[PDB]
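For reference, the structure discussed in these notes is given below.
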Protein chains: 2
Amino acid sequence: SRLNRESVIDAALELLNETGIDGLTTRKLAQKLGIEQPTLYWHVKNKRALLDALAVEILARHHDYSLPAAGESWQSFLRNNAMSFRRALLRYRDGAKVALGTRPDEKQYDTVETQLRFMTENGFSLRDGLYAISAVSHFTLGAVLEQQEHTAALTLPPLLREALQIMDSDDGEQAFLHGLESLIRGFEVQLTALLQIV
Amino acid sequence: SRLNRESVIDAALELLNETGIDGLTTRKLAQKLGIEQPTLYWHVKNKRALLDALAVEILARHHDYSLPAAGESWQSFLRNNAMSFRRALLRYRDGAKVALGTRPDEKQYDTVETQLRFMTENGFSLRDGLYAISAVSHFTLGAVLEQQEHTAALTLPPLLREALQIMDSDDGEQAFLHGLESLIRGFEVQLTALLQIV
Ligand SMILES: CN(C)[C@@H]1C(O)=C(C(N)=O)C(=O)[C@@]2(O)C(=O)C[C@@H]([C@]3(C)OC(=O)c4c(O)ccc(Cl)c43)C[C@@H]12
Ligand SMILES: CN(C)[C@@H]1C(O)=C(C(N)=O)C(=O)[C@@]2(O)C(=O)C[C@@H]([C@]3(C)OC(=O)c4c(O)ccc(Cl)c43)C[C@@H]12
Ligand SMILES: [Cl-]
Ligand SMILES: [Cl-]
Ligand SMILES: [Cl-]
Ligand SMILES: [Cl-]
Ligand SMILES: [Cl-]
Ligand SMILES: [Cl-]
Ligand SMILES: [Cl-]
Ligand SMILES: [Cl-]
Ligand SMILES: [Cl-]
Ligand SMILES: [Cl-]
């Protein structure tokens, strides 16, 4: 079939949903695409290059709240950005594990730059703007990885018995949205404080 | 050599540091222990059982701040507990990835139960006590996984150029400790607020 980049990635995402990350391999991708392995090699050199590319495309395709809206508060931006990120990572099996193993590529350069500019434009130091954005990223990745790794390993004292029932009410969206507000407020308190002891 | 549980786990942790998680296998563990694979099988049925056991032992061996000190505030406990957890996960290559794929086993039952009791004893609902503890866990796991997955994939616009230099000052300990305070304060604001709009 077609072996342009878009088509290769489509097939690889499809395979990722079928196999998970650990079971994703260039060999199986070749089969999915009806080609021989050396033909695939011309296009895709190894699994690492594949994964690097999938991370980028997962977000490009599905992380639709990369940038602040006109007039938007930084609180609101961070909330909307976290929810978008989380959505995009949940979209494919092992999506968060695919995203972990990567740094921003060129075309994300400009998206993350803007986000850091925006933070600095709202009273954050580069560093604190960065810590904020990274805390949100880490919290979100950590939380998605625990849904996704939960359900992957699948295939009592009373409070805990009940915590584990409450912790399975929904997918983790409640505990995530609650924590996200906590984190944002925490940032706000810090920003506000300037040099006052806080 | 000796194939009691303790000895098997010691060798497996040692192998984990040598190979990483993806490259850890029962076959290689057998070799490390100078035994044949079917001999290992008697003791260790597969990689999943191994990993389950490693997660438990990583924390048992190294997560030394599982419980609040007498008189300790819940703020302080959460801080000390997060720092302990983080330390323990960083101790072995792919430590956080090893921890992800697991639920508390029996002997952790009582440790996590206590922690949730303690939260409830300090004014939290079970649920909020739970969200707090899980937000901390997810933030910490997310942050460690990003150190560990960073260095594993290894083997510019100006703000970002500089964010990436600042983001490599230390291992991630600064950005983690900063975010942790933000998260704790966020929790405190929530607890304090009771039913007031906040
Ligand atoms: C979820 N958001 C907060 C960010 C985001 O919106 C994007 C995105 N592509 O639109 C990211 O790449 C993020 O989701 C994201 O994963 C990256 C992350 C950050 C700070 O920027 C980086 O370039 C970078 C890095 O190289 C290593 C670690 C970390 Cl935490 C980062 C910024 C993230
Ligand atoms: C880092 N700490 C906050 C906790 C902790 O001290 C321990 C520990 N063994 O001492 C945990 O197991 C923790 O580090 C930990 O990883 C678990 C975590 C929690 C809420 O309890 C659970 O039993 C549980 C679960 O089954 C699934 C997801 C989550 Cl987030 C959890 C509690 C964690
Ligand atoms: Cl075709
Ligand atoms: Cl075409
Ligand atoms: Cl083609
Ligand atoms: Cl294309
Ligand atoms: Cl390969
Ligand atoms: Cl011996
Ligand atoms: Cl002995
Ligand atoms: Cl023996
Ligand atoms: Cl033993
Ligand atoms: Cl196996």
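Don't worry about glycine lacking a Cβ; one is built from the backbone with ideal geometry, like all the others, and counts go over all protein chains shown. The values are calculated or read from the model by the stated rules, or taken from the named source; these are not laboratory values.
When you look at B:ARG86, is it in the same structural domain as B:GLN174 (by CATH) and under 29 Å from A:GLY20 (Cβ atoms), yes or no?
yes
Considering only residues that are basic (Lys, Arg) and within 11 Å of ligand 5 (Cβ to nearest atom), which ones fall in the stretch A:1-45? So that I can check it myself, show each step before the final result.
Of the stretch A:1-45, the ones basic (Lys, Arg) are A:2, A:5, A:27-28, A:32, A:45.
A:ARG2, A:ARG5 - these are the residues of the stretch A:1-45 that are basic (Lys, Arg) and within 11 Å of ligand 5 (Cβ to nearest atom).
Residues checked against (1) over 16 Å from the mean Cα position of the chain (by Cα); (2) within 19 Å of B:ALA82 (Cα to Cα):
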site: A:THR120; (1), (2): yes, no
site: A:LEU130; (1), (2): yes, no
site: A:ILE133; (1), (2): no, no
site: A:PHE139; (1), (2): no, yes
site: A:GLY142; (1), (2): no, yes
site: A:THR151; (1), (2): yes, no
site: A:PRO157; (1), (2): yes, no
site: A:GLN165; (1), (2): yes, no
site: A:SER169; (1), (2): yes, no
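Matching residues to (1) over 12 Å from the mean Cα position of the chain (by Cα); (2) crowded, with 17+ Cβ neighbours inside 10 Å; (3) not aromatic (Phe, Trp, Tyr):
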| site | (1), (2), (3) |
| --- | --- |
| B:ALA69 | yes, no, yes |
| B:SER73 | yes, no, yes |
| B:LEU78 | yes, yes, yes |
| B:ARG86 | no, yes, yes |
| B:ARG91 | no, no, yes |
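Quick grid of which residues meet (1) of a type in the set (A, V, I, L, M, F, W, C); (2) within 16 Å of ligand 2 (Cβ to nearest atom):
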{"residue": "B:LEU3", "(1), (2)": "yes, no"}
{"residue": "B:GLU14", "(1), (2)": "no, no"}
{"residue": "B:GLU18", "(1), (2)": "no, no"}
{"residue": "B:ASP22", "(1), (2)": "no, no"}
{"residue": "B:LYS28", "(1), (2)": "no, no"}
{"residue": "B:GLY34", "(1), (2)": "no, no"}
{"residue": "B:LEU50", "(1), (2)": "yes, no"}
{"residue": "B:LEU54", "(1), (2)": "yes, yes"}
{"residue": "B:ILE58", "(1), (2)": "yes, yes"}
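Name every residue in the stretch B:138-174 that is assigned to a helix (DSSP H, G or I), hydroxyl-bearing (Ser, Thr, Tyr) and either surrounded by fewer than 18 Cβ atoms within 10 Å (Cβ to Cβ) or outside the structural domain of B:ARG93 (by CATH) (or both), in order of residue number.
B:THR151
Check B:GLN147, B:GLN196, B:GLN174 and return the single one that is more than 16 Å from ligand 2 (Cβ to nearest atom), closer than 28 Å to A:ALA99 by Cα, more than 9 Å from every other protein chain (Cβ to nearest Cβ) and more than 12 Å from the chain's Cα centre (by Cα). Quick ask: steps written out before the conclusion?
Working: B:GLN196 fails: closer than 28 Å to A:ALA99 by Cα; B:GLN174 fails: more than 9 Å from every other protein chain (Cβ to nearest Cβ).
Just a single option satisfies the conditions, and that option is B:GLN147.
Just name the residue that is nearest to B:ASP94 (Cα to Cα) out of those in the stretch B:1-40 that are within 13 Å of ligand 12 (Cβ to nearest atom) and among the basic types (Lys, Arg).
Out of the qualifying residues, it is B:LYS28.
Taking the stretch A:17-62 as the region of interest, how many residues are more than 15 Å from ligand 7 (Cβ to nearest atom) and in contact with a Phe, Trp or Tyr (Cβ under 9 Å, 6 or more places away or on another chain)?
4
Go through the stretch B:80-119 and give me each residue that's among the charged types (D, E, K, R), outside any loop (DSSP other than H, G, I, E, B) and within 20 Å of B:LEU145 (Cβ to Cβ).
The answer is B:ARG86, B:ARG87, B:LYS97.
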